[PDB]
């Protein structure tokens, strides 16, 4: 094995090197390139990765600095986050219309929310602020045209009615909106965020995307079938994002129902996604050559989000931290690939390095996931997410409400 993770110092060093190797994939800070995205999209033969994965990368680095204290990449990350906000400061840049799912937009909003929670340095005074960006995403997602009567509610996957997939009401779109609402409630102490989060969670439960018996979290269903044709694929990030938002709701409300939901979701995750102590992407990881670029990133989110759950729902700590530790041990055990002797693959449970070329990418998602897992080993030393009591960001009461906003010409 290359990386050592048996002391705080060793973890910091490993995380710093993993942060370097992940940054090698990113060209957006170089002259002539576009800040905030990884190479791509593959539809243009520019690289393997879609726009939202750039947003995921940004958030990974906001967490990296929070967890390690290393500010080396902060300027690059601020530039990338600010470049992608769109003319209306809502993470709906129209050049990216084909990538404007509610989940895609949501992941950028979540990275802005994380920047506010982590006290990431503020953008310049004339630029959109982190809390305001999260509020804009949430507000656009709360807009009435995104909540119709099909399936008795829920967000559709896609924002544009003409985008393929507009007929699919899926967990991840709704989970992003839920998580943002829960987090905005905690940060701002505004209950309207929480009431929306409650409503969307209750919808996810009612429609049966959350299994009422097992608390498995399925993928979605289509409006033409009243959402009854449930795609029962269980992607790790869906259950983990609901756990994350439920933990924020528990912390904010202190309502036992939210504690119960945290505990049930957590039981399900530990049962379904951890195999001998290692996170495992059940719909695709069982053989090589099945996971898509997007799927290679999920286990990193699982680690980072579950780590935060231990801070804001502390009763979960002893259920979560030991399992994240064994999972991160497996992650680093297989970061031994050529040509560097430390290249990271995806198949952590297997115990062996597998070249990312088997899954048809350069390996940025695998690198991001190991960076996330190793950095999050430092959660015991980190501050919990800030609220407006100690945060330094600023909001906007009209976030998402501009007259040129896309909702005005829907």
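Numbering follows the first chain given and starts at 1.
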Can you tell me whether 50-58 has a higher mean C-alpha B factor than 22-30 in this record, or the other way round? 22-30
Quick check on the record: does 347-355 or 368-376 carry the larger mean Cα temperature factor? 347-355
Take the CA temperature factors straight from the PDB entry and tell me which of 174, 234, 141, 72 peaks. 72
Have a look at 80, 268, 245, 277 and flag the one whose Cα has the highest B-factor in the entry. 277
Can you tell me which third, lowest, middle or highest, the CA B-factor of residue 166 falls into for its chain? highest
Can you tell me whether residue 287 has a C-alpha B-factor in the lowest, middle or highest third compared with the other modelled residues of the same chain? highest
Chain thirds of CA B-factor: placement of residue 307: lowest
Which third, lowest, middle or highest, does the CA B-factor of residue 109 fall in along this chain? lowest
Among the modelled residues of its chain, the C-alpha B-factor of residue 181 falls in the third labelled lowest
